[PDB]
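Heads up, what comes next is one protein chain in two forms, each shown on its own as structure tokens, labelled structure 1 and structure 2.
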Structure 1
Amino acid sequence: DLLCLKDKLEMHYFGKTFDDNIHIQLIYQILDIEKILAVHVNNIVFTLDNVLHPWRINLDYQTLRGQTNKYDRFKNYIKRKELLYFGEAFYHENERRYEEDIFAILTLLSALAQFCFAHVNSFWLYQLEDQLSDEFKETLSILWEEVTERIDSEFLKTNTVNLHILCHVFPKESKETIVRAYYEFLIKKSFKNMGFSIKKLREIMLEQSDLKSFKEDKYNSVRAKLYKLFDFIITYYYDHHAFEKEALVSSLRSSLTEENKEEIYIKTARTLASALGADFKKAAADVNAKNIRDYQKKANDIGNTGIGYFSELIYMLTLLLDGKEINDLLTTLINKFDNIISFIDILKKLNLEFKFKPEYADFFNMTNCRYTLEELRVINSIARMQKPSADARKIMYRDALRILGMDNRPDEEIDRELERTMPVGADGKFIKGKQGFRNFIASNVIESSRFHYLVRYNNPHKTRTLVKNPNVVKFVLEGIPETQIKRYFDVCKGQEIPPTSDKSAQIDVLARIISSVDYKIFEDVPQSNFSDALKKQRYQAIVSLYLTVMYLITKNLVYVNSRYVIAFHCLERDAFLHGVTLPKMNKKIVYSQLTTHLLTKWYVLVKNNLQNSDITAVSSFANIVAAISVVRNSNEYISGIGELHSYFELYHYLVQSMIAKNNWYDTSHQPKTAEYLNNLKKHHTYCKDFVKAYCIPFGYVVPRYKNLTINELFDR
């Protein structure tokens, strides 16, 4: 390869040099898995560090139990009431988890964080069956036991139409079998692990008049429930014989050209049509409007087996995240494992070595990877509602009042305003006919995903400062497409301004309206006359727009920070293979040693830039990327930014301002940083030379440097 790291990686993963081009892709898939795990673990750790204002793995809970002074610091931390924001990770059925389970979850999180950012061995994740000690498997087992009882209870729904037909098709069979194979088909892909193309085979059978009588226009009413059911019968048919299917495998594997395969595919299909065409017709003739409605009325006319230890860790991680990041994580993992399966199959078919080193052998094999892939597919398909609990809603009300104005003042005044705004009366009841605000809050901010995101990632004390700089708000609104902006302007217009069709005028008016929003306006909302409905619609639009504007900024800054976290993780990984270590100087870590070691047009640029770097600046950059200090310290620097066009500029301006005020720069080694600081001061926007300088430890790969140092190439 160009990086000349093929040999090192193959020695590190297989044992010898390989003269082909199939193994490098496999090890790249492995590295991708590690990278995404590192990103998400970093995000989770920051979330925990932010929600609660404040770990040796080998500390069994019994050993730490005897210690007095050390243990008391953990008792009050676990006692904090803000742990309810994380839904089911710490609280179960309005009751706190036992101490030894929270200890297990926290210690596992710390161990994974230590493993990814690279005491634990380098092979911790790939062999957990022998390293995870006692009382730490029990926590994961209990978590999965809960979720598997829940999923077994709730599975028998949402498809109680075809299942009744499937049971009716096979009367001489146990009820488990009908449910089993049906469940084995759509949740976890048991259709994938065959060499045939049933979807292609379905079309070939449709070319025959035996079962093509269903191509009517009226058949368009039901499509998904039709094609899916034939696939179920076909895959059972191949499994039912296991000899004709085996013979078909041999016949297909012995084919000479594609013409023979097409003839074989045609010949196989025509046998199927004359075999069970009557069964297909009878199954397909039982579906209509009447049967679907009747079957749905009677939806009440086991699945727990246990999962691997690698996947239980994934579920524990899932317990501390939200829907979008859950989908991203699981999608990446599933794609990577599918690629690994395909590459192993290709390698085996070419008569080449496929065994790993003994350390990776117990995990990275065909059967284990297939099992992990199907279990990850199962983990993905759990319907999650993320409802805001029932006892956590008080804290959520307090924070919601904190965001819509009324920030940074003691809780006594909050209690006063809570009592005066929403009445209680006597005996802790609710005054009937005098509660129009509580329902509005509970329906628009308490039950909103953006509110949960802001609470988890931002301090509700100082969140209002994001929407006080006009340029930031204007850029954020400019991001939104035109139709939504027009709709919001139409709804949130008011009565004192004329209609306008220009995008810029709409952005200006919406920015003005968003600038001054407070809970005092919401103190007279209609309770339980189209004027009331219009006012309610306007208020809903305002409260949605406000939270959207904050949430977009927070999410995008987190995205950029993760993009840099990946680069540090890769640098740390590649520093080990080359045999070069990163030294220290005055307690400061020199991250520029790898690029200097590999160096000793692009050459001229890198050589010139290597003399234009401060070690203190690079170390502070590493700290900022690690702790996500941009999101935490965005309430002291966002009030002085001039003009924006992309989130890259905002991120780097914040970083440069933190470095400037915190005085994390050394003019003694070089007096040249002064010009960058002066430019930052007198233009109120980031200096491209400075970002080109402190991102120097990425010198050994040029495309990554270009992507992380040029604004136009960052998005593309």
Structure 2
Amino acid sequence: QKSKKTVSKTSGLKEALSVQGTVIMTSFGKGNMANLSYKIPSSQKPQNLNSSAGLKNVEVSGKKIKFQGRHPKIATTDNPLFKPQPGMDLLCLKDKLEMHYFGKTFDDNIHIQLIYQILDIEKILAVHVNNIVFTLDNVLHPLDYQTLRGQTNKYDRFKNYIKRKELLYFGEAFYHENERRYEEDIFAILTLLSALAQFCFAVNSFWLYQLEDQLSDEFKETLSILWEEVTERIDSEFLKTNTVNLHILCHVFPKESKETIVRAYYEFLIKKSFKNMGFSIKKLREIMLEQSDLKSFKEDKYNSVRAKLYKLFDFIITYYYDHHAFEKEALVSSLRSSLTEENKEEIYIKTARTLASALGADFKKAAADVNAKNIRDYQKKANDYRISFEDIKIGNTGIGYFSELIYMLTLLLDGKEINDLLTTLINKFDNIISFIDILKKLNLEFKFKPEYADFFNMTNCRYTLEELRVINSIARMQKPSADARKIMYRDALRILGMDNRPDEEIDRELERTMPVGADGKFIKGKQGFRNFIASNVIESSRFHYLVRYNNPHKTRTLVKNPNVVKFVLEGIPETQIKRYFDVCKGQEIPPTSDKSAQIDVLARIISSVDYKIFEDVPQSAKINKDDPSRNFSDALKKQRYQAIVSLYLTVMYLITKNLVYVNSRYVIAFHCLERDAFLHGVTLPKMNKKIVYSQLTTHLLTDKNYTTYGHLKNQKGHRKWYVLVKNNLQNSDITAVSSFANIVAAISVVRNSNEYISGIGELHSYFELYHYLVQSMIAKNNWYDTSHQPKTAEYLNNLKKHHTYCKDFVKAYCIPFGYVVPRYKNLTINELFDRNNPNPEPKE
């Protein structure tokens, strides 16, 4: 196998640019900035030098550039000017894109790389907006301000929809404290969501890039309050909340003033600045804890205090490098100039070992002050600090309109999805700034078209990148606690049995098990079961995910097919299977060592789960996680019940989550197809009120330019994918392709998955499960036309006979993506679909 971590990239080279006949070589800088190193000019080719940089001994040999870095070794790279067309992309849209964004064609390859980073900023945003729209459409079943009341029809639907009580399932989007927001704020949020949704599918075409002159004076007011809400909560009473951590830190560092520690802690914790530095801090800490002198904090005595312990340890590492500017730089360069992946691990081990000896004593001093007695003492004297530090607070700084829109989106997403959106955006913006820096340094054109000029400039992009980092930290924090209500209790009992039964029956069982007095107040005596449900099924992140993306009425079908359950359990490692088996075993099961024996018992336990088993829980008992030998008969029974429920919810959560992941990767393909058709000048026709998505692949199969410098090449020696796409184009249904597009847009695989998951034969990947469900929907609903294509009958017979999807049918309805071969191969071959599960391609 070949890795993109090549010799040239290791030796120091970052980029190789072509400008007006000369070639320019750059090198790595501070963070992501690039500095100029060498220039080879035209004709004479003296191999000119620009700065010391890191490159040395650059020469030209044939069509190759031969250079050398700081280490003694020879690196070889290819001259960018010795190509059939310099800087041209495989999709043949360089000039069109440059004219669309800048207004004139350029003789270089710097601008098109910048344009693709902008093109990548819209795929992930479209994915997440589609997910959010589906979530709101699923949980709640189906002009500016004044006209809506005058309509008398939209007002009668908005007043009732806003009246729905399922809005609690989104944490802070619609509910503050324990009361509903004003109507106009909800209206503003919904209108903004609709506008972004209609923008991201490709309102004016420049809406997102100029919002100051296209937002009314009432939408700006709403976005400001939501940002001011979270900032005032954290900025105020910051000293009172974090008294324990500040007292310990000032004890470890006695020679430092109180003001310095307070400011340093604010940067480490609120606006995290220790993450994007160059080396991992979490990974360094893990290796230090495996040393002989420090392998005690891994024991069970520190289970109750482990989140607080690890925060203190990380701050000590960050503070050590914030004062040693020489050792920090050496570590980054060592990691950036490594040969293989095994070499990186050796560097981390050496650094981790030498740190444990240097600052291991400070680790123990902090760990001797984290216990029950000391923590309570500190909390009493919480008003002994008086520090201003008002300048660096996040509340005393304005924020842009683009960043405020992102925060509003974060109010409707969970922890993992916030990471995916913000991480991708940060990377794209960092790359854009570097390209503008190189262009401005070389005296080339850097001004965008007037429409894009306000947003796409270096002065604004730096501000946006700084704001996006804070939003990631502040929007993932735990929201304030809220009181559970009757609606949530109904859904909790509807998962553990009680599927599709009248609300009166659920209400009667609520009265019998959770007593309510004659005055509408709970009885103080017996409330064990209610606390068990609230603390294990209502306050779990998995339960929220199941309600948003699935239906509690029909969610029990996923654990009735042994093939589906056994596929999920087989992926869990052996160590975690043993712990599940031990706690959840029972009393009449012999102890076994084989893995397959353990899966069989666990599979049966998940299948038979009812709420009546948990009706007698010793909720009043206390479980000791520090010394597991002090637990007794009543305590151990409680552990079994909360372990079973966690396994029950986890299996459903994993199946639902992975089906959404596969679906979103098909939204990207359809989003790109509409974008590319407009640029290439090809319109998508209509026939019998359908959309022929296969028009672009037919048009580009008979184009002279695309068949010479394109993905689909028709020449002697490179005529492989031209034939296959042409052959597969003859085996397609217009109805089948159109039906597939509607399935992906509405995410109907996840929603209608209770009617077709009971008959799957054998599973080996999530790819097979997704396509089995798709091909079952087409067969039952008669979404095909055998008259126009006599081959769709053969595919359906293969599916019904073998109880598994057909490989030749996935190539029929995924053909409108054939003009891009890498995307077509990835989405039609199981081996190449998943990045984390690579397998050899099956030749046949």
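Numbering runs along the sequence of structure 1, starting at 1. Between two forms, the rigid core is the largest collection of C-alphas that superpose within 1.5 Å.
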query: Identity of the moved residue from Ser515, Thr581, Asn408, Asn260, C-alpha shift 2 angstroms or more, core fit between structures 1 and 2; finding: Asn260
query: Threshold 2 Å Cα movement between structures 1 and 2 at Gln593, rigid core reference; finding: no
query: Core-superposed comparison between structures 1 and 2, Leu272 Cα displacement 2 Å or beyond; finding: yes
query: Core fit, then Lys555 C-alpha moves 2 Å or more between structures 1 and 2; finding: no
query: Per-residue Cα shift, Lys225, between structures 1 and 2 [Å; core superposed]; finding: 14.9
query: Backbone CA shift between structures 1 and 2, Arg384, after core fitting (angstrom); finding: 4.1
query: After superposing on the core, C-alpha shift for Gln484 between structures 1 and 2 in angstrom; finding: 0.9
